[PDB]
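These notes are about the structure you will find just below.
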Amino acid sequence: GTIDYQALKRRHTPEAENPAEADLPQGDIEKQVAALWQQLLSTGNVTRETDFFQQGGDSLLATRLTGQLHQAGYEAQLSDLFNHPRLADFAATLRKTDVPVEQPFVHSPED
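Take 400 as the starting number for the sequence shown in the working numbering and just add one per residue.
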């Protein structure tokens with residue numbers, strides 16, 4: 400009773416008309432970058448148009464954060480975070496790094 404709002408969950412934002420809703424990160428890379436930013440920045444949910452440094456990010460914090468991305472197999476630098484503050488824009492500039500490869504899946508060296 401008392402007008403049950405349980406059914407009334409219809410927000411529906413047509414477009415990103417204000418950085419809040421319709422800002423949900425779309426893609427595996429956007430979610431990889433989002434998840435790791437939500438740990439180091441210690442946020443509820445960083446969105447696609449969230450800027451790292453404004454969201455409680457620092458150059459020092461960035462030095463730590465790039466680390467998780469290295470382990471994810473993406474080359475992350477301080478220069479890339481200052482050049483690409485936006486989440487989706489930084490997720491766009493990430494290249495697949497060749498990891499150290501502890502288990503050579505297919506790599507025969509010379510005896």
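Every residue, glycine too, gets a C-beta built ideally from N, C-alpha and C.
- request: Please report the Cβ distance between residue 462 and residue 479, rounded to the nearest whole angstrom; I am assuming they are in contact, meaning their Cβ atoms lie under 8 Å.
  value: Not really, about 12 Å apart at Cβ, beyond 8 Å.
Exposure of residue 489, with buried meaning 16 or more beta-carbon neighbours within 10 Å: buried
query: So residue 469 is in the alpha helix (DSSP H); what residue range does that whole segment cover?
result: 458–470
- request: Identify, in the order they occur along the chain, each residue of the same chain with its Cβ nearer than 8 Å to the Cβ of residue 455, setting aside the five sequence neighbours on each side.
  value: 440, 441, 442
query: Would residue 447 pass as a contact of residue 424 if the rule is Cβ separation under 7 Å?
result: Yes, the pair counts as a contact, with Cβ atoms nearer than the cut-off.
query: Can you round the beta-carbon distance between residue 484 and residue 452 to whole angstroms, since I take them to be within the 8 Å contact cut?
result: 6 Å
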